[PDB]
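Heads up, the thing below is written out as structure tokens.
Here the Cβ positions follow ideal geometry from the backbone for every residue, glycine too, while neighbour counts run over all protein chains shown. Read the figures in this text as sums done on the coordinates, not as results from a lab.
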Amino acid sequence: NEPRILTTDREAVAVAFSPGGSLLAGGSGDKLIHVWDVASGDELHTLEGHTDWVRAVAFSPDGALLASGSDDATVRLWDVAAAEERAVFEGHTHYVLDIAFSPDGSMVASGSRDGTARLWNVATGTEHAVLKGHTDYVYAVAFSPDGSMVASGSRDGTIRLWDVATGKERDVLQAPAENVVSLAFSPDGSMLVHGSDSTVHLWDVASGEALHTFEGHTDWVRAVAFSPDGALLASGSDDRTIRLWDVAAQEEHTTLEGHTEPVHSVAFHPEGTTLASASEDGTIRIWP
Amino acid sequence: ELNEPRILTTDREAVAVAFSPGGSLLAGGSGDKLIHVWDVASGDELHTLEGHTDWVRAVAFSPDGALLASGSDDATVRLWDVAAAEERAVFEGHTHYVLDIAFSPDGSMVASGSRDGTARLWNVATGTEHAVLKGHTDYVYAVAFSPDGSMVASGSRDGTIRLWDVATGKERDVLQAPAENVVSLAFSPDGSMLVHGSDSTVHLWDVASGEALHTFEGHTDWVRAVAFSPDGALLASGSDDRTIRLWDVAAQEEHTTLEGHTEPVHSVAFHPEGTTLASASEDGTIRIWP
Amino acid sequence: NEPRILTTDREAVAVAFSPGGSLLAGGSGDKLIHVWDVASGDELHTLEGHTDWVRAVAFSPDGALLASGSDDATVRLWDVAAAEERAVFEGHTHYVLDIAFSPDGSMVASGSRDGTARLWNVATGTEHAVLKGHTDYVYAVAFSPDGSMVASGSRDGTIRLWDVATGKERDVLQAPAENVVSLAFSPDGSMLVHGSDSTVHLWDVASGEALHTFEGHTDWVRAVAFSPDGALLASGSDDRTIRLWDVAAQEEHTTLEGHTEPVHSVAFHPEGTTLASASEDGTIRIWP
Amino acid sequence: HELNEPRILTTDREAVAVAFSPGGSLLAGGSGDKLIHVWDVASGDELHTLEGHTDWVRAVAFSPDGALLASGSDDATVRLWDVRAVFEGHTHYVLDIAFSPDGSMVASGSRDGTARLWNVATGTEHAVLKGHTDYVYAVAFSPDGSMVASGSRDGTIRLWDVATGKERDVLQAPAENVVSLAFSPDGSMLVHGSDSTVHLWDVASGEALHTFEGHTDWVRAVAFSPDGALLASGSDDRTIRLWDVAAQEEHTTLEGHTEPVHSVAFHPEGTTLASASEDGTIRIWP
Amino acid sequence: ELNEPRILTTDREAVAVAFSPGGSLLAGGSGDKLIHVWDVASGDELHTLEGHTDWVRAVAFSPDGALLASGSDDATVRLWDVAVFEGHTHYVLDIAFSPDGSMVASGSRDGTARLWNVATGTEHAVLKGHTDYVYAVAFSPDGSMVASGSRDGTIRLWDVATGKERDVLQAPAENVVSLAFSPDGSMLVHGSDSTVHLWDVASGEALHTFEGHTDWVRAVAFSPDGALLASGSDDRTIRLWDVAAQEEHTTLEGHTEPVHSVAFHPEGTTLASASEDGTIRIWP
């Protein structure tokens, strides 16, 4: 079926649902974060303060805060209700390309072009750790659902796993011949998925071995997201499509067409009924 | 960030640095027998304090910013009027090189660490003689008051850090673990932790319990200076490996490596606002970074 | 409540209370600074040495020193008890129109018609920084209560925020239809007020956003001051009045009438029960 | 009569300069709102508003042909308006402008303590008048064009030989700032308006003819009658006073009250007077 | 037992001194980073050798008198014509030419004694076994053995031909700071933070411990005849002892200063002391 559309003046490169499902946050190239009421499709208050493109957004698990990463090299925290900048994190030397909120709510992770992943302490507003190892841009970061581990995806063709507590690297998953552009954990923590150029890979987390490769995209896969029950996987690509795959059977489920430009971010509704995609065509689409 | 805003050029060994309490001035101790005071904003050289006969190994501002103290290989500690309008006293009594000095938070006393194995607590306002603390058969390289002024810590060649109660001159605890000479020490603003710089390593201690909390590894040669950030988040180290490092206290991670220097880094110091740190090196430069 | 009145032989353009509350300094067109014992109403000393109008005055936080700015292009430091000139600062090329003493007591700020804001190190007597950003005259300077920041108000329609230590500009607030003629921080440090033509504007410091505009004045607002508890705002204007505003309610509190000429400066007693104004009518008035 | 005729409005700030056109039919108002207004003396029309200045306009003057107007502003420019302006500059704020009777020259009084003299056609600065130790608040050419007179905050009235840039006389007597100046149509006398009170000076002898007392506050404005018989004073006391130039006695007092009178100008036939006041009113009286 | 001249120019601690083999020239290594050479007969300043970047802790002449070696904190050993360089990973604190003149031994802060062939410039022998900085080295007069003093509190004897440790002399409570080999090769001297010890080479036992100094003993030198031993201390005395007896022979008062280094004239007529002030002194 056909989605709904929301419109931004500029490229929408990041999207996320509030934990309750009632709000939708959109990160854009107008240097703002837009917040929509999902039911009415009305645009609530905007979040301004970033000085460059907003590349990623994520809600706190309690839904009270929103974290954002930007090309201005900063990570900001926003009070959702008040639509206010609550904090600003500095340290990254280059564009911040991804962020993730810990399931705990106490930490934000960021990935940047400076070749590091950083962890920020939400309560104190300080840097908890800098994660060093990658030799190229870090395009994606994601927390393990138990909150103990963070995974980082880099252009150096590696996926690195670190202990959140100590900042220590635990594993390196090799993905050769490729730039890892996106990462996501399954909600059960058993699987990890990464987006590459035209391809989506599945990994068994306990083993660090590759389970399967999903073929069908014809361009860079910049966004991946697991459904809340882990059964479905969504991918966003430069080929303009969004693809759904059946995780257990490891086949194509369906292809979502409609975007006229690259899809930079994909996010499931917490109930699993809806998917949101953001595209360079300046639209956010909600698909059931 | 770790980027550097400015560079100062001195042309000799810059072995000690400290910021004024307001943040606007910088004192530099040099291999010349001189102390320099710089304006941080303009980078202008305000004044040069002469009198020492040998290397100046440590410098400190009084908490009220009116006085500078300097410790030297000539075996003296000198007190300078910052305005420069007035010469001041000199502290004599140490039999060997003085490698460290620290002001008590009230500005009434100064502590000094010498190679003679003694830590001396001198009176600033008063002209009387001072208390002697004895270091354990080995030279004392480093000294620091706790922020509350109740504790003084000393770093020695015995590979231990010593804590005294300032009021009674009583030795409260002994911190052991370093495999070598402890060259620097710094209290957390909380007063809860202590930071140790030694031969290759940076240690974190729980002051109350006298236990080691962590060891920071990453320097490849002797760590000559340490500094605790005002927020307590970060730690700064200077080393003979020619780098300076910033460490995340919680995780013990290399928040940043500052790679401008070509020669050993003898001293590091945080700005009072915690935004920038200054590093001093044998390459005859002072580098300021955020 | 009718105030009490002191006189100067010429225009009184500046006033400030000692931190203890017992003294009142008045800057005038006599080229002198007058000091009054508030309780007795007696004139304790005359500070002489300026060569032109004295435009602004400020006490050191310990009350031992007074700073003054003048049309002679100089900033002077006075020993109050001794009534002696202690230092003279030179460097500004044009009239100095405002001065401020930091809470730290280590730095004096000045704003001049030469388009620059200067910071002077009181202990050493040196020029610490020249702040250059503005493209027109600087009419006001104020320190943040934490002493980390200094703000400058200019004819170029900008308010600028600088780091005191490094002299680096941090922010530029835009107020474009307006010449910024006066500034004050709230004692909290959370808000800033600026005075323009007919209006007093309130800013949120952290967000740099405009909170309110206080309307009622019918001419230039040359002086603004927060009450020590932050609850009240005072404005001095060319319309000859002083207005008090309730900060939280954003409403008019009262209008102080009596002055027969423009009110150039206002200052609160540290207890908050009394206010002093200075006027071109050659009077300083103390109002409860 | 002293009847108040049209009250002229639209300026939104202090009106600090007024002048009649030489032909009598137009009225120019300079204000603190940074503009110059031109009015039809008959009321029937509103004419133009001259915009460009960035700061207070303190003086206006018409060229003797009535085709050009000059203005002085705090923005430090002297602008000649075609009635786009042409511009002239001052190191400091410019407070007074006067055209020579000839119309060949514009004199500008400034905060830099000097009077500038420009050749209108060329635009070339010809002479700088140096001598005052403070702001120059008012300037006027003698009817023969050979002399300029100036009032300053230094409390003096000065006479200059224009061609030679040379100071010829310094008239002293005011205790305070001289705020306005006027030259007599016969050129024999000069009028001072000050922070104390109005004075008359003999041009040839460089002596005081008289002191006019009556005002109870600052005198900001003075203007001679076209026949030279009378003098008008404007004050902070809110009266306009008329004095006999010969006898030196007060003739009449006009109570145009509630407002300080900042500028006054007589009509060319002498029947009318214009006053400027605060807050942007221009008043016309016979 | 007097003393004649005092020698000047060094701006810092003079921590090494050596006479040329044949007469006549004197070398001073200092904290000011340079090596001074002095003409002994005239008491003049012949030359200053510059290049080192850090403190110079040892100097030694080649047996032909044509080359001088220096050890510095800059981690170089340099050979000077009377320059060539060698490296160490750490600070070099001491050097000694073999009596043959074919080898330079260098003791470093890397816990090893380094041995180079001078003519080829190639390092061949590394002596390992010390657990801390090596502060002093000296060849046996036959060149078959090297002795080393370390901060580990030991004196070691090594067989030169095979980089193997032959003996470990223990006893000193603290850092050994200097060592010397007697001309007959029978006795070895240790200078430490408290005392000076004599080690019997054939027996591998301690002949005796010298207890007169009241502070650290920084230097030891054997007389050319082997009869007498000089000790230099922080207490500002130089002490002469009978090697056989081990009894104190004399005390030289310098006083104001701590003696950092001592050396005998090759004829045995003169003794040179180096001090912190940046003075060199000769006594008979």
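Is region A:183-201 home to any residue that is within 14 Å of chain B (Cβ to nearest Cβ), assigned to a loop (DSSP other than H, G, I, E, B) and of a type outside the set (A, V, I, L, M, F, W, C)?
To start, the set of residues in region A:183-201 that are within 14 Å of chain B (Cβ to nearest Cβ) comprises none.
Within region A:183-201 (the criterion being within 14 Å of chain B (Cβ to nearest Cβ), assigned to a loop (DSSP other than H, G, I, E, B) and of a type outside the set (A, V, I, L, M, F, W, C)), the answer is no, since none of the residues qualifies.
Among the residues making up region B:266-290, those that are closer than 16 Å to B:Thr9 by Cα, within 14 Å of chain C (Cβ to nearest Cβ) and surrounded by fewer than 24 Cβ atoms within 10 Å (Cβ to Cβ) are B:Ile288, B:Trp289. Any idea which residue in region B:103-117 is surrounded by the fewest Cβ atoms within 10 Å (Cβ to Cβ), counting only those that are more than 17 Å from the chain's Cα centre (by Cα) and not charged (D, E, K, R)? Filtering first and then ranking leaves B:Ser108. Determine, yes or no, whether B:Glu263 is within 14 Å of chain A (Cβ to nearest Cβ), touching a strand residue (DSSP E or B) at 6+ places or on another chain (Cβ under 9 Å) and among the acidic types (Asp, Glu). Spelling it out, it is not the case that B:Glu263 is within 14 Å of chain A (Cβ to nearest Cβ), touching a strand residue (DSSP E or B) at 6+ places or on another chain (Cβ under 9 Å) and among the acidic types (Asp, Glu). Here A:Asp219, A:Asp163, A:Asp188, A:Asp229 are screened, and the one residue that is over 28 Å from A:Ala276 (Cβ atoms) and not small (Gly, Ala, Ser) is A:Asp163. From (1) under 23 Å from C:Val200 (Cα atoms); (2) in a loop (DSSP other than H, G, I, E, B); (3) within 14 Å of chain B (Cβ to nearest Cβ), pick out the condition that doesn't hold for C:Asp136. Result: C:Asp136 passes all but (3).
Considered as a group, the residues in region A:181-228 that are of a type in the set (S, T, N, Q) and within 15 Å of the chain's Cα centre (by Cα) include one that is surrounded by the fewest Cβ atoms within 10 Å (Cβ to Cβ), and that residue is A:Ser227.
Please indicate, with yes or no, whether at least one residue in region B:61-71 is surrounded by 18 or more Cβ atoms within 10 Å (Cβ to Cβ), within 12 Å of another protein chain (Cβ to nearest Cβ), out of contact with any helix residue (DSSP H, G or I) (no Cβ under 7 Å at 6 or more places or on another chain) and assigned to a loop (DSSP other than H, G, I, E, B). Yes, region B:61-71 contains a residue that is surrounded by 18 or more Cβ atoms within 10 Å (Cβ to Cβ), within 12 Å of another protein chain (Cβ to nearest Cβ), out of contact with any helix residue (DSSP H, G or I) (no Cβ under 7 Å at 6 or more places or on another chain) and assigned to a loop (DSSP other than H, G, I, E, B). Taking first residues from region C:112-129 that are more than 7 Å from every other protein chain (Cβ to nearest Cβ) and outside any loop (DSSP other than H, G, I, E, B) and partners that are acidic (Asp, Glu) and surrounded by fewer than 21 Cβ atoms within 10 Å (Cβ to Cβ), the Cβ contacts under 7 Å between residues at least 6 apart in sequence or on separate chains come to C:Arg118/C:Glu127; C:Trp120/C:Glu127. In region B:10-31, of all residues being farther than 21 Å from B:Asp240 by Cβ and in a strand (DSSP E or B), the one that is farthest from the other protein chains (Cβ to nearest Cβ) corresponds to B:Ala27. The residues of region A:76-99 that are within 12 Å of chain C (Cβ to nearest Cβ), surrounded by 15 or more Cβ atoms within 10 Å (Cβ to Cβ) and outside any strand (DSSP E or B) amount to a single one, A:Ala83. Put simply, of B:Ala66, B:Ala18, B:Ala41, B:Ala75 the only residue that is over 19 Å from C:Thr126 (Cβ atoms) and of a type in the set (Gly, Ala, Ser) is B:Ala75. Of all residue pairs spaced 6 or more apart or on separate chains, those with beta-carbon atoms under 9 Å, a first member in region D:148-173 that is on the phi < 0 side of the Ramachandran plot and a second member that is buried (at least 24 other Cβ atoms within 10 Å of the Cβ) and of a type in the set (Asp, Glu) are D:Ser150/D:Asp96; D:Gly151/D:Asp96. With respect to C:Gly147, is the statement that it is of a type in the set (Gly, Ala, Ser), within 14 Å of chain B (Cβ to nearest Cβ), within 20 Å of C:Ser207 (Cα to Cα) and in a loop (DSSP other than H, G, I, E, B) true? Against the criterion (of a type in the set (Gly, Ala, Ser), within 14 Å of chain B (Cβ to nearest Cβ), within 20 Å of C:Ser207 (Cα to Cα) and in a loop (DSSP other than H, G, I, E, B)), C:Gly147 qualifies.
Scanning region B:233-245 for residues that are more than 9 Å from chain A (Cβ to nearest Cβ) and farther than 15 Å from B:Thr220 by Cα, we see that the one that is surrounded by the most Cβ atoms within 10 Å (Cβ to Cβ) is B:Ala236.
Looking only at residues in region C:162-177 that are away from every other protein chain (no Cβ under 11 Å) and surrounded by fewer than 20 Cβ atoms within 10 Å (Cβ to Cβ), which one is farthest from C:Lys132 (Cα to Cα)? If we take residues in region C:162-177 being away from every other protein chain (no Cβ under 11 Å) and surrounded by fewer than 20 Cβ atoms within 10 Å (Cβ to Cβ), then C:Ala177 is farthest from C:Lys132 (Cα to Cα). Applying a threshold of 6 Å to beta carbon distances and a minimum spacing of six or more residues, or different chains, the list of pairs starting in region E:82-93 at a residue that is among the polar types (S, T, N, Q) and ending at one that is outside any strand (DSSP E or B) reads E:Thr89/E:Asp110.
Can you find, within region B:32-48, the residue that is nearest to B:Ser72 (Cα to Cα) among those that are outside any strand (DSSP E or B) and more than 11 Å from chain C (Cβ to nearest Cβ)?
Here the answer is B:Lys33.
Within region D:10-60, the set of residues being touching a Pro at 6+ places or on another chain (Cβ under 7 Å) and surrounded by fewer than 20 Cβ atoms within 10 Å (Cβ to Cβ) comprises D:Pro22, D:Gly24, D:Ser43.
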